[PDB]
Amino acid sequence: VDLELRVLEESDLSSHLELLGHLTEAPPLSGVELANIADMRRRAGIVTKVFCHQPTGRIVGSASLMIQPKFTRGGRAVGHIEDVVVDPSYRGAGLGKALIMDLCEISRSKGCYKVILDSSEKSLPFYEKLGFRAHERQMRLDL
């Protein structure tokens, strides 16, 4: 569908935010603010891969990967996948799977011994089909 899978770019920022609005609260932010947040995230070693409708530049898929170096397991890192979102119109098109697989490969290439992510009840089957298995439980505290 004229889709490209690539790292996030500055010009993507506004469209990317709209996309994320399908996941959680996504109040409007200025270009400068979004760019500053992107820089913050990059410093934290986060990578964001997106599916872009190349002809128009519209962002229709996103997934972020955070690699965490560890002292344990002989110093092998852990890949944290988060904020996996796909445009409603493209659900069942395989974008989600492609994003996850891509991030898993990146993790593997960087010495990670495992990739972890948090899933809702509804998404369990999706992740299990990709080889993921339910393990620990996410605990949350709101500040």
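Sequential numbering from 1, following the sequence displayed.
In this entry, 107 to 115 shows the higher mean Cα temperature factor of the pair 107 to 115 and 63 to 71. Here the stretch with the larger average CA B-factor, out of 9 to 17 and 127 to 135, is 127 to 135. Among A93, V85, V50, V78, the highest C-alpha B-factor in the deposited entry belongs to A93. In the PDB entry, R43 places in the highest third of its chain by CA B-factor.
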